[PDB]
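To start, the structure itself, in structure tokens.
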Amino acid sequence: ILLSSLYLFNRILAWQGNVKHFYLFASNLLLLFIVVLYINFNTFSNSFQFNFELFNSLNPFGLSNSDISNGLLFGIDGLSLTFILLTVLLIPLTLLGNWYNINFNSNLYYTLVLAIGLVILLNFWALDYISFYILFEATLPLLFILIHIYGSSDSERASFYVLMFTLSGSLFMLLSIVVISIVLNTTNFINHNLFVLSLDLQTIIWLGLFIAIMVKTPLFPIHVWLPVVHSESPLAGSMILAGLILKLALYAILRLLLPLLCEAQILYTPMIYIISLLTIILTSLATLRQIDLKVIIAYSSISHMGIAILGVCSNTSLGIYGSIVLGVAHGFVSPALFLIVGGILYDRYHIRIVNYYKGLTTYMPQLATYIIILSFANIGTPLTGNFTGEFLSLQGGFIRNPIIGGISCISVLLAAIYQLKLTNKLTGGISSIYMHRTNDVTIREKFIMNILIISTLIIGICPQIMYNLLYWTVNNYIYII
Amino acid sequence: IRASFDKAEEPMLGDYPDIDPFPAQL
Amino acid sequence: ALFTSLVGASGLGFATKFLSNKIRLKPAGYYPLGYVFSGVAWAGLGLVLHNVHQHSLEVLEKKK
Amino acid sequence: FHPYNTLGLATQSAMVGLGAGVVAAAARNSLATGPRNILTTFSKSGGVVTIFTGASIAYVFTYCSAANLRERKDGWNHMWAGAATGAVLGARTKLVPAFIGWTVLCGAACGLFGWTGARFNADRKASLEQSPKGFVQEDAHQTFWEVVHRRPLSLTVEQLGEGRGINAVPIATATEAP
Amino acid sequence: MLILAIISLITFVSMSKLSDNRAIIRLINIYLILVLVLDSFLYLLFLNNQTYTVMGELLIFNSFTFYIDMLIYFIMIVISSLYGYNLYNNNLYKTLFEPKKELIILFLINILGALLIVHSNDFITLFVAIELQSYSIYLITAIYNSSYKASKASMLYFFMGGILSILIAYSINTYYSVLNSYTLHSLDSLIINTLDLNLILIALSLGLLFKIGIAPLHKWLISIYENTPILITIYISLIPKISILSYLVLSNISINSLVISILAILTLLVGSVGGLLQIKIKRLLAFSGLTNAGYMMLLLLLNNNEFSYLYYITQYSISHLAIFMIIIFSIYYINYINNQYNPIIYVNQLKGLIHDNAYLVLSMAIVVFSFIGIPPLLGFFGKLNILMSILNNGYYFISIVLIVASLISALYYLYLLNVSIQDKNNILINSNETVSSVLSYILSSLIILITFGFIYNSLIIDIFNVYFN
Amino acid sequence: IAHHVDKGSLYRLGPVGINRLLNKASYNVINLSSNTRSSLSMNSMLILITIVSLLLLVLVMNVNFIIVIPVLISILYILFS
Amino acid sequence: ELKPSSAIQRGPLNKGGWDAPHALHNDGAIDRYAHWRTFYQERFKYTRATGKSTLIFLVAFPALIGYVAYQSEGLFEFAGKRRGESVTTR
Ligand SMILES: CCCCCCCCCCC(CCCCCCCCCC)(CO[C@H]1O[C@@H](CO)[C@H](O[C@@H]2O[C@@H](CO)[C@H](O)[C@@H](O)[C@@H]2O)[C@@H](O)[C@@H]1O)CO[C@H]1O[C@@H](CO)[C@H](O[C@@H]2O[C@@H](CO)[C@H](O)[C@@H](O)[C@@H]2O)[C@@H](O)[C@H]1O
Ligand SMILES: CCCCC/C=C/C/C=C\CCCCCCCC(=O)O[C@H](COC(=O)CCCCCCCCCCCCCCC)COP(=O)([O-])OCC[N+](C)(C)C
Ligand SMILES: CCCCCCCCCCCCCCCCCC(=O)OC[C@H](COP(=O)(O)OCCN)OC(=O)CCCCCCCCCCCCCCCCC
């Protein structure tokens, strides 16, 4: 099969010369395959199901059928299946969103994009600390190359930021994982809640894990790399970085931190709440004085991630469900907003400064309607998954600490402010003098936007539709005596 | 130039025009 | 499995031949016999590694 | 904790800093280009002797003083000592932002050093390799590197404190009717 | 086999004309390969970590030394290929890379000295081996005597290495004056407790360690690396480092040394920071070598270091060979040849290499990310094993400094790739001459090892458990 | 918040401040032997200085390890700043 | 005498593509403003005003939130509380 499929790839490349149709076909097959897996996934069981081991000493190039496990473990539960579905929904759209605007050396570009998607998808399958860490880091060089070669004017500084900041946090995570490795002589996620380290050692291991979380989420005050990296990235990079990669941190909190360091997490929760409240408030206010469209959209993600953090660290079932739902809804809506600012407007005008844009409604009524819809989705209008996630996250946060969550409720207003301030100027007023009339949104751009809006609306009207994969998850991680 | 917050930025320009600001509405 | 080890090692040899063709600015299938030679050689190395590992496991088991 | 003798220890530090600065001045005098005599070594020292002496005084005095005042020995004392040392070294800039930057950042680096144990090599006896590890036996107290399957609930109540889900009795047991 | 090759080569080369040089090297190349594949089975002797004293207790053979010997053979094979095979057949490359008449003999004698250092069980063996390697390395540095920089470098090497050889000799004689012995085997836990040998043993350690150029005595060796011909630099910056470090790893005479801890920290800081402003490729690679030497220096502070040292030194040797080969391959695409000994000097001369040879730049990217430590490349697993070792033994501050140095040195590693993937205005369309099949295959094999070696990690650990436990 | 914190202090404890710091530190360490003409004489002086300083430092450590911490800080300051 | 091989034929690097008409009429003043705003970190300095903002947002505000969050930890329980019952636990 692999031999035959490689021959197929080779011949397609020989004759067409562009690999992108093959990549679109492969990713669509991957999505269908994941849906088939979901069909055969047992929901009345909190055990990992589609398990396999790679690079075992008895079968380094095959699957392990041995009585000793020394390779890298993979498998899924409901939590990981949720994010895997999000990943395979997003990958073909990130291919399709750059269908026409990549012209020089396009085969390499699409290879990088698909590789990054596949690495993230495998990362969600990882069942031990080392396999997780390997797939966690492997995206960094691919992103470095993609941003350096295919990014906008400031893309060298951006590639260096996306490599250096993430490496910086990851190395402290690596310290924590090494300590776990040598202290427990085990690294897997299946039984790691059975090991109870002393409270002191727990407190120390938590710090490394949380520094990595702080850079990857990101949280205040180590967030300042994300606007630069998002602003200078090509569109597929931005879509993957906002829709998928940031969700890896929330997943890491649930999978790597809470089951193992429960008592230390209880001890550290007020500090987390300080950091998340600072993230929400300060980054929301800092967004008000930005002049780059893509920077504004990027800053929005940080505040929503702060709300998700507050939910996921609330020690309540509602908070964890809200954090996951918020992650998924953000994964729908943020790539759509990045598509608008860095895919549609930027491909027509090749500029991102807010002063140039005004009154797009006259010649492009459809784009204005998309902007309005996605803006009110982004600020958590009900019947959108964003509202469900934010509302449940705030409920959990308020229960965990009434004062801190109560103050967190101001995010509704603050997000409304920055987002609607942008959309008011984008749609209203007289058509700008600095730009000439261009085409309204195309069929491909509308297709992508429609997919994302329908997804967020479906989970906004009936969020319960995710519960069949997550009802074990909302109890697996809370620590109550 | 006129307000405290425009003045506070004076060290922050080098070779950018120090413009005296006027509200466009006026 | 020994057969899987041989396939994997031969694939490593194929990758070596491909990369050497590319670095020489040559087409992928430039001298196709080289693919066979490279695959055979790397399969030999993989077989040696497999046999040494098997002997090591045998020794670890015989001290029990 | 019995106190450090701040005065005597600090005087020792003064002597050592003066000696080290003298040695650095001699090396500086030998390595440089241009004409140089035996008296120019302090003339063209760059104040290096003062660097050494002042750093020695600041660090040792502040460390001993903070340790005695708190009646503790831990990394915080080294944080204070590094803060004072950074204050001395950043005074040479003659600029307030740089003085503040040296203060806080040297204090943070030395606090990090003190937190790891205030040593460059290892405390071999305390290390994991020289310590009881793995799963503890029947009912023994858990030590720093040891692992258990269940901790005692009394220990959890003591360490975390009561509240926000931590209770001396599980809820369902306590709310059972009879 | 090595001694035989040296004798036969001296005779054969004496009776040979200067035009036979490359042919002779090719012969020795295949000879070495044969010794590696027909004499490999001797590994069986060391099953269950059996140790053999040999030559009236002058030499020690175990699994560690056998592995180091195999690694040195492999390195010699790779490096001798670079002299025996022409990259291109044009006149310029004949001028750039022509082996001297006696170079192959000097290489084989230096390899003998290295292997004797590794196996040294007595201090007289150690000193004779050290002087053999040192004298050979001076002559290797000097043999391109039309170059002003190489002759000056050889003089500097002779004098600094002589001072350090004197320090080593004085250490050995103080040890003898205290114990009436020339072997570390006479050291016991009781002796170490009873006597203060720390000053003597650290003096020996420092004498050995300054010979491979740790801080603060790093600049002289970096100068020598910059000022030698590039094909000499590939050899002389690797083999001594391996031999000396392997001996110190096997001797374990500096466990929990405060002085070694401080010098290792200084070496990591100097190596990472001092590489940042470098604009010459060989100076950048020399600072990289300094940082990796600091990484390995950390393993001299603890027992049971064998797995992490062997893994690190193997993957580092592979990466060092790969990066020098890539730099050599890129010479064909540069606009300006600086001189015949160092055809390429400045990192900026690699600008736009991706438009001339894309897969060469892919090879560079893989090697650079391995040096940085991105999984699943071999460099990541080397650094992971070192971190496991040092944190098991309580070196917390040093682990933090290791992380910081890794991050800092990533900047100058990425400099190479950064310039190499920028745009250049005049790009290559076609060229009739192809680079050599042999050398391209060797480079590709190294790249593939760096990329896919992790697949064998658990199998390797299984074998290690039966030959080193 | 956006200029003084996000693009002020946070870049100072970030890319801009670290870039400036590393620039000065790297310059200082590479120029540790800058103006000298005879590499032999300077490198020999360095090995003598290293040996003597290590001896005196270890003597200090035998006395009291806390007293040596400021000396090491001063030496690092000399080398990198 | 040391020159690159004559066998090499170098042409120009053209990325190709269709040059679209210029739909944006660039304003130099706006571009200069955007450049000043985007690279402000390169010109930032610690003065009284910027230092005051630094102290309010990176020191004072975190300390207020931290005091609140460590003082009120575990303090409140609200679920189903009735008249006369304490809503506080300490
Ligand atoms: C992600 C950020 C990384 C930065 C944070 C790292 C900070 C490391 C600090 C924590 C830690 C190393 C833990 C390493 C774990 C993995 C390392 C993690 C990765 C490292 C990168 C170092 O603890 C150090 O703390 C310093 C104070 O700050 C002290 O300073 C000095 O204080 C003065 C000297 O007396 C001097 O005046 C001066 O010399 C300094 O002032 C040191 O002496 C002390 O060793 C603690 O380890 C140790 O904990 C103790 C009791 O906890 C353990 O023994 C216990 O004994 C009973 C009670 O004793 C318990 O009943 C028992 O159960 C348990 O057996 C030990 O066996 C050992 O294990
Ligand atoms: C037919 C004859 C061919 C043999 C020629 C060997 C040449 C060595 C040349 C270069 C060194 C490269 C690395 C050597 C591999 C270590 C083997 C071993 O397992 O190392 C162990 C010790 O592990 C260690 O310490 C750690 C080693 C660290 C290795 C790091 C690199 C890993 C990536 C390598 C991936 C393998 C590629 C396979 C391709 C299909 C010693 O094993 P051993 O002493 O029992 O000897 C083996 C039996 N032998 C003599 C017949 C071969
Ligand atoms: C360079 C980065 C670091 C690289 C380190 C990791 C490299 C891994 C290389 C990718 C290969 C992993 C995917 C293939 C393994 C799965 C093969 C398989 O058969 O899974 C076994 C599992 C159980 O199968 P079995 O027990 O045999 O029973 C079958 C009953 N009918 O059957 C199943 O349950 C199905 C499992 C589905 C798993 C989904 C995998 C999605 C991604 C597949 C391709 C990913 C490619 C990534 C490429 C970039 C590199 C990361």
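For the numbers below, each heavy atom of this structure counts, side chains included, while hydrogens, waters and symmetry mates do not. Order of listing sets the numbers, starting from 1, for every ligand and every atom in it. By convention in this document, chain letters (A, B, ...) are assigned in the order of the sequence lines, proteins followed by strands, and residues within each chain are numbered from 1.
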Subject >> Heavy-atom nearest neighbour in the protein, as seen from atom 37 (O) of ligand 1, with distance rounded to 0.1 Å >> reply: D:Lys73 CB, 3.1 Å
Original post:
Just to confirm, does any protein heavy atom lie below 4.0 Å from atom 49 (O) of ligand 1?
Top reply: yes
Original post:
Among all protein non-hydrogen atoms, which one is nearest to atom 12 (C) of ligand 3, and what is the separation to 0.1 Å?
Top reply: A:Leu54 CD1, 3.9 Å
Original post:
Nearest to atom 23 (C) of ligand 3, what protein heavy atom do you find, and at what distance?
Top reply: A:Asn51 O, 3.5 Å
Subject >> Distance-only polar pair, side chains of D:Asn77 and D:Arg72, donor-acceptor under 3.5 Å >> reply: no
Original post:
Is atom 19 (O) of ligand 3 in close reach of the protein, with a heavy atom under 4.0 Å away?
Top reply: yes
Original post:
Numbering the atoms of ligand 3 from 1, which are under 4.0 Å from a heavy atom of E:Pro376?
Top reply: 1 (C), 2 (C), 3 (C)
Original post:
Identify the closest protein heavy atom to atom 12 (C) of ligand 2: which residue and atom is it, and at what distance?
Top reply: E:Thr314 CG2, 4.4 Å
Original post:
Counting only non-hydrogen atoms of the protein, does one fall under 4.0 Å from atom 27 (C) of ligand 2?
Top reply: yes
Original post:
Would you say atom 30 (O) of ligand 1 touches the protein, meaning some protein heavy atom is under 4.0 Å from it?
Top reply: yes
Subject >> Closest protein heavy atom (residue, atom, distance) for atom 67 (O) of ligand 1 >> reply: D:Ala126 O, 3.5 Å
Subject >> Residue E:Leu310 vicinity, atoms of ligand 2 by number, heavy atom under 4.0 Å >> reply: 25 (O)
Original post:
Considering only the protein, which heavy-atom contact is closest to atom 6 (C) of ligand 2, and what is its distance?
Top reply: E:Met70 CE, 3.5 Å
Original post:
Does some side-chain heavy atom of E:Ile265 sit less than 4.5 Å from a side-chain heavy atom of E:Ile398?
Top reply: yes
Original post:
For atom 26 (C) of ligand 1, what is the nearest protein heavy atom, given as residue, atom name and distance?
Top reply: D:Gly114 O, 3.5 Å
Original post:
Nearest protein heavy atom to atom 29 (C) of ligand 3: under 4.0 Å?
Top reply: no
**OP:** Take atom 12 (C) of ligand 1 and look for protein heavy atoms under 4.0 Å from it; say yes if you find one, no if not.
**Re:** yes
Subject >> Protein heavy atom at shortest distance from atom 16 (C) of ligand 1 >> reply: A:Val179 CG2, 3.9 Å
**OP:** Check whether any N or O atom of E:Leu391, backbone or side chain, sits under 3.5 Å from an N or O atom of ligand 1, and answer yes or no.
**Re:** no
Original post:
Considering all protein heavy atoms, does one lie under 4.0 Å from atom 53 (C) of ligand 1?
Top reply: yes
**OP:** Could you label the plane-to-plane angle of the D:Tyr63 and D:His78 rings as parallel, tilted or perpendicular, counting under 30° as parallel and over 60° as perpendicular?
**Re:** tilted
Original post:
How about E:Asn62 and E:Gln50: do any of their side-chain heavy atoms sit closer than 4.5 Å?
Top reply: no
Subject >> Protein heavy atom at shortest distance from atom 15 (C) of ligand 3 >> reply: A:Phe52 CE1, 3.5 Å
**OP:** Using a cut-off of 6.0 Å, state whether more than 12 heavy atoms not belonging to A:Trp206 lie near its atom CH2.
**Re:** yes
Original post:
Quick one: nearest non-hydrogen protein atom to atom 46 (C) of ligand 3, plus distance?
Top reply: A:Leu118 CB, 4.1 Å
Original post:
In terms of residue, atom name and distance, what is the protein heavy atom nearest to atom 34 (O) of ligand 3?
Top reply: A:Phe50 CB, 3.0 Å
**OP:** Starting from atom 24 (C) of ligand 1, locate the nearest protein heavy atom and write down its residue, its atom name and how far away it is, to 0.1 Å.
**Re:** D:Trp115 O, 3.8 Å
**OP:** Name the closest protein heavy atom to atom 51 (C) of ligand 3, giving the residue it belongs to and the distance to 0.1 Å.
**Re:** A:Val119 CG2, 3.5 Å
Original post:
Counting heavy atoms only, which of E:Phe64, E:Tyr456, E:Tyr316 is nearest atom 40 (C) of ligand 2?
Top reply: E:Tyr456
Original post:
What part of A:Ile205, side chain from CB on, backbone N/CA/C/O, both or neither, has a heavy atom under 4.0 Å from ligand 1?
Top reply: neither
Original post:
Can you tell me the protein heavy atom closest to atom 15 (C) of ligand 1 and the distance?
Top reply: D:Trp145 CH2, 3.5 Å
Original post:
Looking only at protein heavy atoms, which one is nearest to atom 21 (C) of ligand 1, and how far off is it?
Top reply: E:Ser399 OG, 3.3 Å
**OP:** May I ask you to identify the nearest protein heavy atom to atom 44 (C) of ligand 1, giving residue, atom name and distance to one decimal place in Å?
**Re:** D:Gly117 CA, 4.3 Å
Subject >> Heavy-atom gap D:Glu146 to ligand 1 smaller than 4.0 Å >> reply: no
**OP:** Please identify which atoms of ligand 2 are closer than 4.0 Å to at least one heavy atom of E:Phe464.
**Re:** 24 (C), 25 (O)
**OP:** Begin with the C-alpha distance, continue with both residues' side-chain angles, and end with the deciding distance and a verdict on side-chain hydrogen bond (donor to acceptor under 3.5 Å, both in side chains) for E:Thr314 and E:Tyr67.
**Re:** CA-CA 10 Å; E:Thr314 303; E:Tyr67 181 80; 2.4 Å; yes
Subject >> Heavy atom of the protein closest to atom 44 (O) of ligand 2 (residue, atom name, distance) >> reply: E:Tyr43 CB, 4.1 Å
Original post:
Quick one: which of A:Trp206, D:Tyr63, F:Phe65 has a heavy atom closest to atom 38 (C) of ligand 1?
Top reply: D:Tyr63
Subject >> Whether E:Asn393 side chain and E:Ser389 backbone form a donor-acceptor pair below 3.5 Å >> reply: yes
Subject >> Closer than 4.0 Å: a protein non-hydrogen atom to atom 57 (C) of ligand 1 >> reply: no
Original post:
Nearest protein heavy-atom contact for atom 34 (C) of ligand 2: which residue, which atom, what distance?
Top reply: E:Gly453 CA, 4.4 Å
Original post:
Any idea which protein heavy atom is nearest atom 50 (C) of ligand 2, and the distance to it?
Top reply: E:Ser40 OG, 3.1 Å
**OP:** Determine, considering heavy atoms only, which of D:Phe1, E:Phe397, D:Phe144 sits nearest to atom 69 (O) of ligand 1.
**Re:** D:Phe144
**OP:** Return the residue, atom name and 0.1 Å-rounded distance of the protein heavy atom closest to atom 10 (C) of ligand 3.
**Re:** A:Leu122 CD2, 4.1 Å
Original post:
Between the candidates A:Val88, A:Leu63, A:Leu72, E:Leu377, which shows the shortest non-hydrogen contact distance to atom 17 (C) of ligand 3?
Top reply: A:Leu63
Original post:
Pick from A:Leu127, A:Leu63, A:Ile76: which one makes a side chain to side chain contact (heavy atoms under 4.5 Å, CB included) with A:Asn51?
Top reply: A:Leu127
Original post:
Do C:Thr16 and C:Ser38 meet the criterion of a side-chain donor-acceptor pair at a distance under 3.5 Å?
Top reply: no
Subject >> Residue selection (non-hydrogen contact nearest atom 61 (O) of ligand 1) among D:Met79, D:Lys125, D:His141 >> reply: D:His141
Original post:
Would you call A:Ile204 a ligand 1 contact, heavy-atom distance under 4.0 Å?
Top reply: yes
Subject >> Residue pair C:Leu2, C:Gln54: steps toward the side-chain contact (heavy atoms from CB on, under 4.5 Å) verdict >> reply: CA-CA 10 Å; C:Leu2 179 53; C:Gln54 196 47 71; over 6 Å; no
Original post:
For ligand 3, which part of A:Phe74 has a heavy atom less than 4.0 Å away: the side chain, the backbone, both, or neither?
Top reply: neither
Original post:
When you measure from atom 41 (C) of ligand 3 to every protein heavy atom, which one gives the shortest distance, and what is it?
Top reply: A:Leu121 CD2, 3.8 Å
Subject >> Test item: E:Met296 and E:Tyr309 side chains (from C-beta on) under 4.5 Å apart, heavy atoms >> reply: yes
**OP:** Report the nearest protein non-hydrogen atom to atom 20 (O) of ligand 2: residue, atom name, distance rounded to 0.1 Å.
**Re:** E:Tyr67 CE1, 3.9 Å
**OP:** Can you confirm whether something in the protein, heavy atoms only, sits under 4.0 Å from atom 15 (C) of ligand 2?
**Re:** no
**OP:** For C:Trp42, counting its heavy atoms only, list the atoms of ligand 2 lying under 4.0 Å from any of them.
**Re:** 39 (C)
Subject >> Distance flag for atom 9 (C) of ligand 1, protein heavy atom under 4.0 Å >> reply: yes
**OP:** With heavy atoms of E:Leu449 as the reference, note each atom of ligand 2 found under 4.0 Å away.
**Re:** 37 (C)
